[PDB]
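4 protein chains.
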Amino acid sequence: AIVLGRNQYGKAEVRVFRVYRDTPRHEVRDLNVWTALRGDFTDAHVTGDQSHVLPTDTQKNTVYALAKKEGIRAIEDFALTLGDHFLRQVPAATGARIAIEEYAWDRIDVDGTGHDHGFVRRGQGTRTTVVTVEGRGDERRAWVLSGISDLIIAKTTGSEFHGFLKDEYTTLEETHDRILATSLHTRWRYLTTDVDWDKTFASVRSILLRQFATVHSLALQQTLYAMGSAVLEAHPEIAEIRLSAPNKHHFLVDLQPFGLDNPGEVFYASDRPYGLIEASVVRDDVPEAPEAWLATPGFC
Amino acid sequence: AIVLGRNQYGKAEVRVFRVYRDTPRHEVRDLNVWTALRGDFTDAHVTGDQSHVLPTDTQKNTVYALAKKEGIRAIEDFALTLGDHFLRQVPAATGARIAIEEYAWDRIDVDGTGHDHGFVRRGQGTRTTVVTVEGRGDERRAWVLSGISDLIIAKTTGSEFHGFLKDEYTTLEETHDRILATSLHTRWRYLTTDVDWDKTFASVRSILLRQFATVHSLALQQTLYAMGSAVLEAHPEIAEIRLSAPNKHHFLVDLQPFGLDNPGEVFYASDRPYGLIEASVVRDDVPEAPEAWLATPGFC
Amino acid sequence: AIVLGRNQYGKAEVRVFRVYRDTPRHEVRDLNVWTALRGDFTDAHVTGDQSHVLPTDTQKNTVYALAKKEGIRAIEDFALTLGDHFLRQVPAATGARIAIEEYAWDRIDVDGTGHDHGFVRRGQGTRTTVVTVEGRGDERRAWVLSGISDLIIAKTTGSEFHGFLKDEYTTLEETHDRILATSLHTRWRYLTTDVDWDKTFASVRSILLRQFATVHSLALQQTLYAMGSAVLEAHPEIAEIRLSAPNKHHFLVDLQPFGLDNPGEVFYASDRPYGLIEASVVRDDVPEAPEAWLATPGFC
Amino acid sequence: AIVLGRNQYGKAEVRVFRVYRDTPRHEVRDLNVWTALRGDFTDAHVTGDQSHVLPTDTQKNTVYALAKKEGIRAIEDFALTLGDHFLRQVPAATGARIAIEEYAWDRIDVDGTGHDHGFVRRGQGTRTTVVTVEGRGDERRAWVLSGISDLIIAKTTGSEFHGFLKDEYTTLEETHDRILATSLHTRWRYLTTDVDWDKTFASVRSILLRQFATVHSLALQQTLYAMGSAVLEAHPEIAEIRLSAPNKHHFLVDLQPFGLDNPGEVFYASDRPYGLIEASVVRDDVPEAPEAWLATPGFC
């Protein structure tokens, strides 16, 4: 009755830093990479026979090798290359999930011009991709999720919250003016891999930020829906977008005990607890792709 | 074509500390609680009408209130109570997911006896539960996952890794003796809620640790399978167990450049990258319950 | 023979968020504040008599009250105000140390123009101050340190390390080209409080970054000295600057086992260990001020 | 006028894991090591000449080499060995500061008996040492600090706070019963190196915990003084002890809005801000040793 179920394995958090230096004007790619293979690894679990298993150490080596041989431009393309490579190398594998985070760098400003080889981290969120490749030859299927994590944004007005359901345990007062502060985590799924990854990423990021700032918010739920639907409207190549946003409470401090007023000016930025508002915006007219999301954000 | 998809919302990371003090011998319950409601919250997203929405601030209040009114013994029972409470209070909700972490405390030792009201954190992993309650009356269904996170364990021998698939990118040497060090994250699903939560948790924890230590390991895959299957064999009330284990590499340092040998004695404990080995052990004869795992470990 | 020695107490990590909203173009001040008082607090330790002790809860309240009553422009001036305020209110105090971190925000870009009230974290290090105020009236003395923390910068060339002391345990090869990557932590001391804080901070920041990028580095030691001395040369109002810089190693990966060369292109970004290079650049012609540095970065 | 001031350099956070395996009952030493050398390193900063400089990479190698050649028993003795070793190898050095953290492991319990080679982290704070060695031959001086960090302890009663200085900004009510929760950070200085390090460490740890639990607390100040003075009374070989303790507030939640009372039972465990109470207990009859504390806890 007892059997092995779902399983996957690979190398997590391979930090690879790639320099392009064909000219004195260097460029950098600063990545954190996860590999996970799926397939027939039953004996490796049940009996200990490792014949099917490519070591995770080799998967790490492959990241560094392909960083040179294939290069690193868009992380989506690097992830697709890695997935197909592992399927070529590991016959027992049925699929590969490659996840990548990119940390952006700007050139250090020297007298108004960016320096040739000196850089400063941009520090405004992490660009992400989750690429799943399954099968080989005519049976190969691939899925790309892209996203942004740790994008810390806030609005100091243009946020309300009223008309909610009131309970015998509700103390929160309705309001027409509050701070709305979050750290956005989001992933969206592409319908195909015929995408200009950098162009679309930059556009999606701008839409998310513009909608957050300019949409008068009646709830974080409604802000997220407006952000996500704007992305889908502008990008028909995107099938769905998931958004997970903490409501990082900035509490208006009561200054009456100190003889002072506080007309929306002085706040306590509380760490925990925080509202956590999570929503998916989807194209109803296209098929779902659960394969793309399997074990995202994690296995268990 | 564009619509709201899956969504959930609630209060994350409510830190509640409950003291039992009916006698001078105090007891403590130190919890971190997440609430998330699912249901008909479409208008709250699409139009901004919050009529269906119970504020996350109220969900936090409810945690503190029920900590007194219902008490906190086993976290599974507290989570079940919270889920049913929210379904009573929020008619638009179809379901509730309550996740809880517990941090264990020991009594401070005073001359051989634990002190009445002075405590020290135990610091050997976090006990967890994820409880999902859906529906009401005769249609109510509930699911309980329990687990352990951040259980840091290692063996200094009794670990091999050889006979693996070798690639043109493989540099790793086969070995019959290595350190196997991990931080275990695991969750298991109960078949019913007629369970002695504390008794079963303690037994499962002991089985996991005993099997890790005493099973001669030919791979982390095989160690995890032996751990998980032992749990299922001893606990027929458990339907499945998922295990996610990093292989935290302790590298045998080359001391030959310094005129020294190193017969398995001096190691460099590397942070990243790390192998990440993930496996599920399941009862083949019982139905799956995907409802229990939805949005575990997270939404996206 | 046993007595109370040095001691200090206060409220740590008061997160205050101040909004300036007299016009629709809001401005933000996002601060983390520490207070610590020194003085005659002996009985509070030895006998338990708290008569001299202002609660740390009150110190927290004071941060919020004065954020409204006095406002928050330059954090140096807010810290000076807080220290003088505590000396007025706590007769037993002989001194106050006020430390502040500021997290910078940019306006969200909306079609080329920054939004009136929507912001995104800048994410390029933390501006800091440590202000010590001692005494009252004609006997009052004050000292201001300002600084930058977590400024993550890297050069991909223009860094060498050769000609070093050799030793039987040395395996490192000399090199004329490497990456130099760090996270800069620095504090400098002002000779007086008659300083345009914002103008000098911005200038010091630019000098540090410009020197890091443009100085050909023969060692992190020499890079830090060139950075610090350039600051002192440009700013006669600064008495000394201390710099603490990890050398976050980016290791050139050996790709020969994979049939590839690696002409300074593919690197492994290692977490730990890291070189830690720490240096002070000082004006030899002005007196030291150890009072300014007492319990920086911490008490023990 | 501009010169190099104080400076030090070395390798930070060398994670060394030492196994003692001369018999089947293995023992573990799990260390994090910092090295910092001081001396005549001026030209290395000012001119870039590295002739005096031993690479930090070599300092890392030395940790691993001496972990085998000398072994690792008490971390105080390993730190002393390392400091003397660097002074022998680096003629320009005048001193060495070696800091070590140790993470304790227990044996996994297998049916009542600890396993020969399977371990679980103890998780109850970090044992630390800071060893400074200056000079050579008859001029050599050494100082040892030892300590405990991240020892998380709490009392649920036996703590009061009343009779404090009142002030116009005070909202805190006096109380005769509260929780006192902290994470203890402490270091003490030994008068000589003729110390049974393990025996004294275990005794000091027990005294700190016993005094915290059994001393009726009128203030964290008074609790820390009672802890420190008890250590000095029991250990004439200890010259001084510094303690830094956050007051991690557990707030009694107001349950009156929910129709419930709360007789000291339900608390909100707040993250930030926190009181920070720091005190030194010293032997008035012995000389100070500022050399032992230089750049503890850090350089700037």
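Residue numbers (the entry's author numbering), protein chains in the order written: chain B, 2 to 301; chain B', 2 to 301; chain A, 2 to 301; chain A', 2 to 301. A prime marks a further copy of an entry chain.
Ideal Cβ positions, reconstructed from N, Cα and C, are used throughout, including at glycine.
Within-8 Å CB hit, residue i to chain A'
i      : result
A/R122 : no
A/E102 : no
A/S230 : yes
B'/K12 : no
A/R211 : no
A/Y226 : yes
A/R179 : no
B'/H86 : no
Start-to-end residues for the alpha helix (DSSP H) that takes in residue i
i       : result
B/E234  : 221–235
A'/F213 : 198–215
A/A2    : Unbroken run through A/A2: none, as it is neither H nor E.
A'/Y65  : 57–70
B/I76   : 76–90
B'/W294 : 291–294
B'/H46  : 43–47
Opening and closing residue of the beta strand (DSSP E) in which residue i lies
i       : result
B'/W189 : 181–191
B'/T133 : 127–135
B'/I73  : Where B'/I73 is concerned, there is no enclosing beta strand (DSSP E), given that its DSSP letter is neither H nor E.
A'/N263 : Taken as a continuous stretch (DSSP letters only), A'/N263 belongs to no beta strand (DSSP E), as it is neither H nor E.
A'/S160 : Unbroken run through A'/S160: none, as it is neither H nor E.
B/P247  : 239–248
B'/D110 : 106–111
A'/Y21  : 15–21
Test: residue i CB closer than 8 Å to a CB of chain A
i       : result
A'/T215 : no
A'/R7   : yes
B/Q125  : yes
Assigned exposure category for residue i - 16 Cβ within 10 Å defines buried
i       : result
B/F252  : exposed
B/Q9    : buried
B'/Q257 : exposed
A/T133  : buried
B/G159  : buried
B'/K167 : exposed
B/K12   : buried
B/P56   : buried
A'/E279 : buried
A/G126  : buried
B'/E77  : buried
A'/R142 : exposed
Euclidean distance between Cα positions of residue i and residue j
i       : j       : result
B/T82   : B'/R243 : 30 Å
B'/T59  : A'/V232 : 47 Å
A'/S207 : A'/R284 : 21 Å
A/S281  : A/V15   : 30 Å
A'/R22  : A'/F120 : 14 Å
A'/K61  : A'/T36  : 8 Å
B'/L295 : B/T171  : 28 Å
B/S271  : A/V17   : 9 Å
C-beta neighbour in chain B for residue i, strict 8 Å
i     : result
A/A68 : yes
Within-8 Å CB hit, residue i to chain B'
i       : result
B/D199  : no
B/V4    : yes
A'/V111 : yes
Of the residues that make up the stretch 235–247 of chain B', which ones have a beta carbon closer than 9 Å to any beta carbon in chain A? Within the stretch 235–247 of chain B', no residue qualifies.
Please name the residues in the stretch 250–261 of chain A whose beta-carbon is closer than 7 Å to at least one beta-carbon of chain B', in chain order. Answer in chain order: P258, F259.
In the stretch 260–289 of chain B, which residues sit with their C-beta less than 9 Å from some C-beta in chain A, listed in chain order? Correct list: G260, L261, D262, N263, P264, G265, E266, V267, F268, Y269, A270, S271, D272.
Of the residues that make up the stretch 155–177 of chain A', which ones have a beta carbon closer than 8 Å to any beta carbon in chain B? Listed in sequence order: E169, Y170, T172.
Chain-ordered residues of the stretch 17–31 of chain B with a beta carbon less than 8 Å from chain A: Listed by position, the residues of the stretch 17–31 of chain B near chain A (Cβ gap below 8 Å) are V17, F18, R19, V20, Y21, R22, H27, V29, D31.
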